[PDB]
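Asks: partial complex here, more coming in a sec:
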Amino acid sequence: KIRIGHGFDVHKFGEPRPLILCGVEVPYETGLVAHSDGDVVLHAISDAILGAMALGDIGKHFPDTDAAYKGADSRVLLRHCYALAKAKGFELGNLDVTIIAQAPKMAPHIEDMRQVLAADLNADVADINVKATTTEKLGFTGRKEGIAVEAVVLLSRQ
């Protein structure tokens, strides 16, 4: 059995702290506003994994009303979601992620991001893709208000 999932997340720029994206610190003038560490990339991937498994979403599992998650490293959340999939007998088929951001430039960090995911998903990096595009100065990402991320995943029984 193969199961599909989709994730989507957005956070706004403006938090004076390191910009951590897909577990990688990317140099920038500001960071992302969030309850947790603000890793919008890992959140979208986590929601895709929960989604594929019909386990709801990260708002259910890791609520922003709970101080337990304040400033949390989002790799902990990602690993929890993947562990739920593994406990149900599934593993990664393949993952494809699209970072939608006007800045910063993602290209120098893509490989480091793929390696974070290979480690946390106990996967071959050949089964993991991270991409980036701008929206050519259009919309909220084009105005540098924040970053959006889309992810799709296939999980397979084993």
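Replies: Yep, that arrived. Residues are numbered from 1 along each chain as shown, chains lettered A, B, ... in the order given.

Asks: C-alpha only now, for contacts and for neighbours.
Replies: Fine.

Asks: name the SS class of residue A:9, please.
Replies: Following DSSP: H, G, I helix; E, B strand; the rest coil, we place residue A:9 in the strand state.

Asks: who does it bridge with?
Replies: With DSSP bridges as the criterion, residue A:9 is bridged to residue A:149.

Asks: residues contacting it?
Replies: A:40-41, A:43-44, A:148-150 (CA atoms under 8 Å, 6 or more residues apart in numbering).

Asks: excluding its backbone neighbours, what's nearest the spatially most central residue of chain A?
Replies: Closest to where the C-alpha atoms of chain A average out (CA atoms, centre = their mean) is residue A:42, at 2.1 Å. Computed as CA to CA, 6 or more residues apart in numbering, the closest residue to residue A:42 that is not its neighbour in sequence is residue A:22, at 5.3 Å.

Asks: relative to residue A:61, how far out is the one you found?
Replies: When distance is defined by CA to CA, to the nearest Å, residue A:22 is 19 Å away from residue A:61.

Asks: do the same with residue A:148
Replies: 21 Å.

Asks: who's more crowded, these two?
Replies: Between residue A:148 and residue A:61, residue A:148 has the larger neighbour count (other CA atoms under 10 Å), namely 19 against 13.

Asks: what is the end-to-end distance of stretch A:50-61?
Replies: One end of stretch A:50-61 to the other measures 9 Å (CA to CA).

Asks: centre of the chain to that stretch, how far?
Replies: How far stretch A:50-61 lies from its chain's middle: 14 Å, per CA atoms, centre = their mean, to the nearest Å.

Asks: give me the buried positions along that stretch.
Replies: By neighbour count on 16 or more other CA atoms under 10 Å, the buried set for stretch A:50-61 is A:50-53, A:57-58.

Asks: ok, now chain B:
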Amino acid sequence: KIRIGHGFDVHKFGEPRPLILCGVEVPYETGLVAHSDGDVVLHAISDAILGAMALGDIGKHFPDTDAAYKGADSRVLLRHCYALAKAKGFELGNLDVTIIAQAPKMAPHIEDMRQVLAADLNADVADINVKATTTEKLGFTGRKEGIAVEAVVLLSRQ
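Replies: Following on from the chains above, chain B is added here:
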């Protein structure tokens, strides 16, 4: 054979009628503007199912220019789409849906929404996921101008 589909839909708030989302009435000051009942969630799912089967989209099947479909119940339209899939020998593998909205609050309604889909797709609820995220006040969804939905589906032969 397994086949993938993707749906995306948006409607604007402002129509003085019940807000029906994934077949569930959610309390809100206004409803969604559309030719049919405005159920942006079922529309996106419908387009994902039509899309997986290479049958076009809801604009083709249930045209905005067509009086038959003025105020149409979107559960009826979803079931039309799924019946076309079944006629081609396919059934639901699994479905994951992402509601993108600042308001209303979706969490209290998720399970009711899943149960609507399990009934309308004659499917096990374990194969159906409905998620929601805000965009942290960014973009037209973040400003409560309307609601966006993304959906992905896998259909399998039998």
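
Asks: what about the buried residues of stretch A:50-61 again, now that chain B is present?
Replies: A:50-58 (16 or more other CA atoms under 10 Å in any protein chain shown).

Asks: what about stretch A:6-15, near chain B?
Replies: Yes. Stretch A:6-15 comes into contact with chain B (CA under 8 Å from any CA of the partner chain), by way of A:6-12.

Asks: out of the buried residues of stretch A:50-61, which comes closest to chain B?
Replies: residue A:54 (4.6 Å; CA to the nearest CA).

Asks: so what's the closest one up against?
Replies: Applying CA atoms under 8 Å, 6 or more residues apart in numbering or on different chains to residue A:54 gives the contacts B:96, B:126-130.

Asks: so what's residue A:2 up against?
Replies: A:154-157.

Asks: and what of residue A:130?
Replies: A:96-99, A:110, A:113-114.

Asks: does chain B sit close to the one helix or strand residue A:94 maps to?
Replies: Using DSSP states H and E, residue A:94 maps to strand A:90-100. No. Strand A:90-100 is not in contact with chain B by CA under 8 Å from any CA; minimum separation 13.1 Å.

Asks: residues in contact with that strand?
Replies: A:41, A:45, A:82, A:85, A:121, A:123, A:127-135, A:141, A:147-158.

Asks: one more time with 7 Å
Replies: For strand A:90-100, the external contacting residues (CA atoms under 7 Å, 6 or more residues apart in numbering or on different chains) are A:85, A:127-134, A:147-158.

Asks: CA atoms of that strand as PDB?
Replies: Provided in PDB are the C-alpha atoms of strand A:90-100 (Å, rounded to 0.1, in the frame of the first residue of the first chain):
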ATOM      1  CA  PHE A  90       5.000   2.800   6.900                       C
ATOM      2  CA  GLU A  91       8.300   4.300   5.700                       C
ATOM      3  CA  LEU A  92       9.300   7.000   3.300                       C
ATOM      4  CA  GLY A  93       8.800   6.300  -0.400                       C
ATOM      5  CA  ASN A  94       9.900   9.800  -1.500                       C
ATOM      6  CA  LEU A  95       9.500  13.400  -0.500                       C
ATOM      7  CA  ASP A  96       9.400  16.600  -2.600                       C
ATOM      8  CA  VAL A  97       9.400  20.000  -1.000                       C
ATOM      9  CA  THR A  98       9.000  23.500  -2.500                       C
ATOM     10  CA  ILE A  99      10.200  26.600  -0.600                       C
ATOM     11  CA  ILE A 100       8.400  29.700  -1.800                       C
END
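
Asks: build in chain C:
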Amino acid sequence: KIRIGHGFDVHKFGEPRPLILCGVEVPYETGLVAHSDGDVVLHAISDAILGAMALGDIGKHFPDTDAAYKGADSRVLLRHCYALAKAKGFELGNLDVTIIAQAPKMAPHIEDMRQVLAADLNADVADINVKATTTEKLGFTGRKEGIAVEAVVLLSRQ
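Replies: This next block brings in chain C, placed alongside the chains you saw above:
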């Protein structure tokens, strides 16, 4: 083995040149700004194919800093991407594309667009779907500032 991919692209209107979408000239008062011919539909599909194969994105393979791609017909880029998949032992399972645009009207062009893809992907048109939706005058698409495209693909080992 089956592999999933997702692509997303946006370009802004305002280049005085033919509007080429999914390889098809669509009448409109202006075209799209881009380094290549600006075919946002083929770019998104290309990124889905690269993504499924974990080969990065069109920014990596066809950089905008490189004059070799200036004005390039985006069918060349799509064919390169698909050829990489074929070289790795994969072929099209099925493809579903969503053009997100307030104008121009896509419906008259959908079948021509599908035929471009059936040719370039050496595929049966029954495995190829192209959809369109508006965002009901919301956001940058709704304001007719540009066009966005989402695509999902399933590739299967040959």
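
Asks: mind redoing the contacts of residue A:130 now chain C's in there?
Replies: Applying CA under 7 Å, 6+ apart, the residues near residue A:130 are A:96-98, A:110, A:114, C:56.

Asks: from the chain's centroid, how far away is the host helix or strand of residue A:48?
Replies: For residue A:48, the host element (DSSP H and E) is helix A:40-52. Relative to its parent chain, helix A:40-52 has a centroid offset of 6 Å by CA atoms, centre = their mean.

Asks: next one: stretch A:142-152
Replies: Distance, centroid of stretch A:142-152 to centroid of chain: 11 Å (CA atoms, centre = their mean).

Asks: try stretch A:139-152
Replies: Taking CA atoms, centre = their mean, one finds the center of stretch A:139-152 at 13 Å from the center of the full chain.

Asks: ok, the residue nearest to the centre of chain A to residue A:126 distance?
Replies: 18 Å.

Asks: how about residue A:72?
Replies: Per CA to CA, residue A:72 is found 28 Å from residue A:126.

Asks: quick one, strands of chain A?
Replies: A:2-15, A:20-21, A:24-25, A:31-32, A:90-100, A:128-133, A:146-157 (DSSP state E).

Asks: where does chain A come near chain B, residue by residue?
Replies: Contact residues (CA under 7 Å from any CA of the partner chain) of chain A with chain B: A:3-6, A:9-12, A:51-52, A:54, A:56-57, A:139-140.

Asks: what packs against the helix holding residue A:48?
Replies: Where contact means 3 or more CA pairs under 7 Å, 6 or more residues apart in numbering or on different chains; DSSP states H and E, helix A:40-52 is packed against strand A:2-15, helix A:74-87, strand A:146-157.

Asks: residues touching the residue in chain A that chain C sits nearest to, list them.
Replies: For chain A, the residue closest to chain C is residue A:129, as judged by CA to the nearest CA, at 4.6 Å. By CA under 7 Å, 6+ apart, residue A:129 lies in contact with A:95-97, A:114, C:51, C:54, C:56.
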